[PDB]
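Each answer follows from the model by the rule given with it, or from the source it names; no laboratory read-out is quoted. Note that each Cβ is placed from the backbone with ideal geometry, even for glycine, and that neighbours are counted across all protein chains shown.
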Amino acid sequence: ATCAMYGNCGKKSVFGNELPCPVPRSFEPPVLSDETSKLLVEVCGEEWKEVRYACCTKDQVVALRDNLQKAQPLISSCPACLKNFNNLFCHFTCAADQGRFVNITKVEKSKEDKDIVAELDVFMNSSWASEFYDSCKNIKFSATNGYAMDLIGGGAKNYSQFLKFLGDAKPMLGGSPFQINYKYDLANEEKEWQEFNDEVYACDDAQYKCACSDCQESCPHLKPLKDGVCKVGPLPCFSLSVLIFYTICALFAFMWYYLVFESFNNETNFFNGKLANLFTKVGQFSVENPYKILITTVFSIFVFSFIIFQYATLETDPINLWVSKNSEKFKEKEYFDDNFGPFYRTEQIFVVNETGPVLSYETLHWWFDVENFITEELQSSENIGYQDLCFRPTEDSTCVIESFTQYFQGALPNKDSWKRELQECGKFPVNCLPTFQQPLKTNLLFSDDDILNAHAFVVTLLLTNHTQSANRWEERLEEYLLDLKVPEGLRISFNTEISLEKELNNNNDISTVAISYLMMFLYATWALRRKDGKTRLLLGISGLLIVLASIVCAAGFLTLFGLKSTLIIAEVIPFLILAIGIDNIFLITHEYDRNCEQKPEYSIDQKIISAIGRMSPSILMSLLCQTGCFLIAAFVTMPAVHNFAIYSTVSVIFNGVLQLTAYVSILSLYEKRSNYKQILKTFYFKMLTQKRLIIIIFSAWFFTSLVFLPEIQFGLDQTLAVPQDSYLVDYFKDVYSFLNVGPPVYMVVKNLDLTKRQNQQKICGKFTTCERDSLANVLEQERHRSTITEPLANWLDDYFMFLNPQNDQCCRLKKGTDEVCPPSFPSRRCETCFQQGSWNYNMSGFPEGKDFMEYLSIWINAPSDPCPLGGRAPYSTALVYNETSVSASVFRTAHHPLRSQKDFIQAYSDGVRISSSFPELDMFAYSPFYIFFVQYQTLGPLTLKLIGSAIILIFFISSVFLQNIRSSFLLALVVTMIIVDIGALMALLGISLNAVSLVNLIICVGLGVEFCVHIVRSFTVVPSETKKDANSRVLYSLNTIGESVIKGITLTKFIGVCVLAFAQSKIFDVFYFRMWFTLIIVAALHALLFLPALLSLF
Ligand SMILES: CC(C)CCC[C@@H](C)[C@H]1CC[C@H]2[C@@H]3CC=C4C[C@@H](OC(=O)CCC(=O)O)CC[C@]4(C)[C@H]3CC[C@]12C
Ligand SMILES: CC(C)CCC[C@@H](C)[C@H]1CC[C@H]2[C@@H]3CC=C4C[C@@H](OC(=O)CCC(=O)O)CC[C@]4(C)[C@H]3CC[C@]12C
Ligand SMILES: CC(C)[C@@H](C)/C=C\[C@@H](C)[C@H]1CC[C@H]2C3=CC=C4C[C@@H](O)CC[C@]4(C)[C@H]3CC[C@]12C
Ligand SMILES: *[C@@H]1O[C@H](CO)[C@@H](O[C@@H]2O[C@H](CO)[C@@H](O)[C@H](O)[C@H]2NC(C)=O)[C@H](O)[C@H]1NC(C)=O
Ligand SMILES: *[C@@H]1O[C@H](CO)[C@@H](O[C@@H]2O[C@H](CO)[C@@H](O)[C@H](O)[C@H]2NC(C)=O)[C@H](O)[C@H]1NC(C)=O
Ligand SMILES: *[C@@H]1O[C@H](CO)[C@@H](O[C@@H]2O[C@H](CO)[C@@H](O)[C@H](O)[C@H]2NC(C)=O)[C@H](O)[C@H]1NC(C)=O
């Protein structure tokens, strides 16, 4: 054996550790003693048994042994690094070839004048150094909760710097006693010095595995790439698909140019015959008994008026309106609320210094004297302060105030060192535990982590609620904050849960809605004037009281069945009926009016029966089409959409009944007591010669609208939902601006044994032997791609760490018994529950049987003050147990800011995706907002089926009545053009797709068929007098049933809507005006210009 060093030669400094004694290479080391060999192998390993002629003695191994142990806690987390760390120094002093890779440089004289090496040069393989640095790269310290490389390598970033800290001459701070040159440049041809090269280990090594938290290699690297979208190029994939179709499709058509079956099976034929006879009897009975039918209608609007007012009439809460109770997300919310309690009521308050940082001597002193008012002496009318309602982690501990005031224990820190004191707490919240023993992250409290330069702070107050007493407290808080007089240069934007249920029901848009409908009545009376010029006000006024009587009858009839009328019903239902119910007034009146001429059945009562007989079949067929469209939506899942599907289907059926029996009686009565003597629709419509041009223009419009379809965005911005100029406008605009923390995410695990070792390894995140794709590792690796980018609050890891023997303060039991040893008995009789040699980082002595609970109860009740690892404060309400098994548990994770509607839907997908990413765990992710955004997942395919199925109904409900497949297909061809055209202006007009929009898009089909169905039927059931040809019939219908549309639904809904543009609410202006102003212009264009041109070319 050859050694360049051996033995010990005094010390280089008084009152200091001794220094090795350099020796030349000529000498040979003596045989090691028995004691030295046993100690050397124990500290280093079993591989040293073969070698028994090392270059170290008893005095050297003991010194080396002591120095290795002191560094053991730092690197004990990752055994791979620990082995490498000890291997380097073990071969430094005991390698038989010590001088081969260690070259002495200078020698000095010690206190005894012996030989002591001042410095030496050590050479090693570059790859070996990289592996060593890689092994200890990401080791995480326990107490510091941060990278352990800082303490061992001084924050080194490369192996060259890290190794230098090891070899640097630092006699102070327990460092090395001499300088060591870890050079990386040597040649093997010297024949005297060879770079050190021995076994090395890495994190990925199967033998010396390391926890994923301690090394990236161990973490699950599979992580299959997430992809659930179809986009190609700068446009959506469907847009490219449609555009590509036009190019290729046009090629086939261009080359070609350059180069009713219903007679059979007359069962349907007889339908058009008996139906007219049936309505003739209804018309006959409604004209011969006008009083018997009018009294009942007046009686019905009295009995139903009784019900809608007194017997029962109720609205619904925001949760009921939006989310269906059967949705899987809501079923999960009930489980979370039932077990882990409802989520806290959050009352955010923002203090903003627009042009600088809020933190100052004036504001810090001022806010402390206003945050001590809200949380101390703000008794509401019921005389309940915040303390009564505030949320306490446990009864002993005070409640939580997520504000920077909680730093300094809520007391003034004096105007001498506030800047310095606040900075320290933010960096390490553990050492500044608030009065509730819960760490406060700086991201939540402050907008900017700089703290001193932060431009605002968050004063979120969390209430556990006390059964409607909390609801009353926010009233005082809401009033109090508004009345606050903040100093110059500051502003307050706040929020309170009462705001959503209070601010929402505060709009005064009824003024504009009432006026708009008032104008509709005024025009309707003047639009019923006779051909000569007489004005039938009594008929129009009475006719408008029948359409408004159907709403009351339906709105009161359903309240008899327990249905609740949503606030949406107050707008959509009146609009639909005033359109369906106004067309029938003009069609029946004009048909009678045209029956005044031609003197068919001169008798006044006969002129009406003929009028009903001619026009009722189209009215009934349109009614079935509109009933079928809404009835389909009744199969939807959302309750607000489902609610409308039931109201409209009834508000329209009742309208049909009152527009064929009650109104006919009014018409019969009015005309009889009036006895009026019989004294551009053709000039312009003669332009029908431009048939091909109209089809081309309207066909190009449809095709161009088909490529903008996939550009529609989902979601409903809440900022517009509430009335404008509110106190929320400066909050919602500020929650997306100065808030850097997203909603909490609760990874609820259910029915997992969590006692047998096998199950514990699926949640471990800090131990080695646990499964690679555990709950923590998977969620740790998903912090970089998913929207869930905040550390997991793993209680299982904390519980096991609490048992660590090194944490003597945390766990302590009385000797000879399992009784706990609280701080009230500081006598040193108590010892740690787990022995030093039992607990290991590789889950060796961890509880497996009933002992898991024997220590979980001790942990969960730990004070948490003596040491940061405790259970009472952080994880007392996180897990549900019954002394035998953990029924369920929760791992709070939290989202990222989520400051847009697209992000909100994106966040929900991550919860559903991650929830399903674990097939071995009965797990689900709960966040407060998940229930609201459940619909948007299937809102894409859903609206295809609801609208796609409605079109088929139009083609099938109107096929029997028309008995002409060609005319029925065209009717369904123009009804689909309207929605597709309206479906592309939604993207262009900035109207999103949601429940509020989905219902509106359904009544576009219900109202789109209203315009076109009448014209198509008159084109197919023309009287024998007119010629039987495409052009003549089309011209006849527009003269006959075209004026009833231009002066009826078209203008009636266009005169009132135009004035409706002056609505103040942003939600009403977006989803209810920009969509009912587009279906009255798109449908009017498509029914009065496209349809006459299309039918002529049927
Ligand atoms: C004439 C107009 C004013 C009638 C509108 C009917 C309202 C009763 C509906 C329409 C859209 C609904 C909103 C659509 C979206 C949401 C989801 C959600 O919005 C939020 O701001 C909370 C989001 C979260 O919890 O993170 C809570 C209910 C709310 C505001 C809804 C409350 C009830 C609203 C305002
Ligand atoms: C069941 C099938 C075989 C019937 C074929 C008849 C078609 C003419 C129907 C079937 C589905 C319908 C579509 C279903 C849904 C929509 C979206 C909707 O427009 C939008 O604003 C987009 C909404 C969205 O889907 O996100 C209304 C028109 C459109 C394209 C419909 C147009 C007419 C379509 C293509
Ligand atoms: C202040 C300490 C706690 C910091 C630096 C962390 C770990 C210490 C204990 C480590 C870091 C580098 C290590 C180190 C470098 C050099 C020497 C000199 C050698 O002849 C004996 C081993 C010894 C002494 C070892 C073991 C102990 C040291 C000094
Ligand atoms: C807000 O921060 C600013 C620093 O950017 C504080 O200082 C004054 O800010 C106003 C603008 O609001 C300027 O007009 C003054 O010139 C600034 N003075 C100084 C000395 O910087 C400001 O006081 C802060 N607002 C508070 C504490 O209410
Ligand atoms: C504590 O709760 C657990 C979980 O609910 C109970 O264990 C379950 O008991 C049901 C029957 O009630 C079994 O079907 C399950 O297989 C058990 N295990 C799990 C993981 O659910 C346990 O019985 C409860 N302890 C007491 C004393 O009631
Ligand atoms: C966890 O690490 C401990 C500490 O090394 C291991 O304990 C030793 O395991 C070997 C396995 O054969 C036994 O021969 C020893 O008697 C055990 N004790 C000691 C002090 O060495 C334990 O095996 C490891 N377990 C796992 C699963 O890795």
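Just a few scattered comments:
- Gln438 being within 23 Å of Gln348 (Cβ to Cβ) and polar (S, T, N, Q): yes
- Members of segment 953-967 that are in a helix (DSSP H, G or I) and touching a helix residue (DSSP H, G or I) at 6+ places or on another chain (Cβ under 7 Å): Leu953, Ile954, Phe955, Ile957, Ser958, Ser959, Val960, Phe961, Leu962, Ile965, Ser967
- With a requirement of 2 or more residues that are more than 24 Å from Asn505 (Cβ to Cβ) and away from ligand 2 (no atom under 16 Å from the Cβ), the helices (runs of 4 or more DSSP H) lying completely within segment 290-404 that satisfy it span 290-306, 328-340, 361-374, 386-389.
- Total residues in segment 21-41, condition within 60 Å of the chain's Cα centre (by Cα) and surrounded by fewer than 20 Cβ atoms within 10 Å (Cβ to Cβ): 1
- Just one residue in the set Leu962, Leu869, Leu944, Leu879 is surrounded by 20 or more Cβ atoms within 10 Å (Cβ to Cβ), of a type outside the set (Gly, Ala, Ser) and closer than 30 Å to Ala634 by Cβ; that residue is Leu962.
- A search for C-beta distances below 9 Å between a residue of segment 652-672 that is within 17 Å of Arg536 (Cα to Cα) and not assigned by TED's automatic domain parsing to the domain that holds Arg614 and any residue that is surrounded by fewer than 24 Cβ atoms within 10 Å (Cβ to Cβ) and among the small types (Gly, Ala, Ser), counting only pairs 6+ apart in sequence or on different chains, returns nothing.
- Residue pairs meeting the criteria (Cβ under 9 Å; at least 6 apart or on separate chains; first within 24 Å of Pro393 (Cα to Cα), in segment 875-903; second among the basic types (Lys, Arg) and in a loop (DSSP other than H, G, I, E, B)): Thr884/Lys850; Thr893/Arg783
- Unmet criterion (only one of (1) surrounded by 18 or more Cβ atoms within 10 Å (Cβ to Cβ); (2) within 15 Å of ligand 1 (Cβ to nearest atom)) for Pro342: (1)
- Subset of segment 471-503 [crowded, with 18+ Cβ neighbours inside 10 Å, more than 16 Å from ligand 4 (Cβ to nearest atom) and closer than 21 Å to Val729 by Cβ]: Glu474, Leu477, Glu478, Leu481, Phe494, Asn495, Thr496, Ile498, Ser499, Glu503
- Being away from ligand 1 (no atom under 16 Å from the Cβ), among the acidic types (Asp, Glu) and either more than 51 Å from the chain's Cα centre (by Cα) or over 30 Å from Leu942 (Cβ atoms) (or both) holds for only one residue in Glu1010, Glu1025, and it is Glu1025.
- Residue check for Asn840: more than 14 Å from ligand 6 (Cβ to nearest atom), polar (S, T, N, Q) and either farther than 21 Å from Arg392 by Cβ or buried (at least 16 other Cβ atoms within 10 Å of the Cβ) (or both): no
- Residues of segment 625-678 that turn out to be assigned to a helix (DSSP H, G or I) and among the basic types (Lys, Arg), as a count: 1
- Subset of segment 519-543 (residues that are surrounded by 14 or more Cβ atoms within 10 Å (Cβ to Cβ) and either not in a helix (DSSP H, G or I) or not assigned by TED's automatic domain parsing to the domain that holds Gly1048 (or both)): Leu528, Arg529, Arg530, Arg536
- Taking the numbered list (1) of a type in the set (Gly, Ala, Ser); (2) surrounded by 16 or more Cβ atoms within 10 Å (Cβ to Cβ); (3) part of a loop (DSSP other than H, G, I, E, B) in turn, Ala80 passes all entries but (3).
- With respect to the conditions (1) touching a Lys or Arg at 6+ places or on another chain (Cβ under 6 Å); (2) surrounded by fewer than 16 Cβ atoms within 10 Å (Cβ to Cβ), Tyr201 falls short on a single one, namely (2).
- Restricting attention to segment 217-258, the residues that are of a type in the set (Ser, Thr, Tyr) and within 30 Å of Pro941 (Cα to Cα) total 4.
- Residue match in segment 703-719 (condition: assigned to a helix (DSSP H, G or I) and within 16 Å of ligand 1 (Cβ to nearest atom)): yes
- Subset of segment 115-170 [in contact with a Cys (Cβ under 9 Å, 6 or more places away or on another chain) and either part of a helix (DSSP H, G or I) or within 16 Å of ligand 4 (Cβ to nearest atom) (or both)]: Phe132, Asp134, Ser135, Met149, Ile152, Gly153, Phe162
- Within segment 202-243, the set of residues being assigned to a loop (DSSP other than H, G, I, E, B), more than 27 Å from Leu775 (Cβ to Cβ) and among the small types (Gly, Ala, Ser) comprises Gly233 only.
- Tally of residues being on the phi > 0 side of the Ramachandran plot and either polar (S, T, N, Q) or within 16 Å of ligand 3 (Cβ to nearest atom) (or both) across segment 976-998: 0
- Only a single criterion out of (1) crowded, with 21+ Cβ neighbours inside 10 Å; (2) in a helix (DSSP H, G or I); (3) of a type outside the set (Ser, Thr, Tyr) is not satisfied by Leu688, namely (1).
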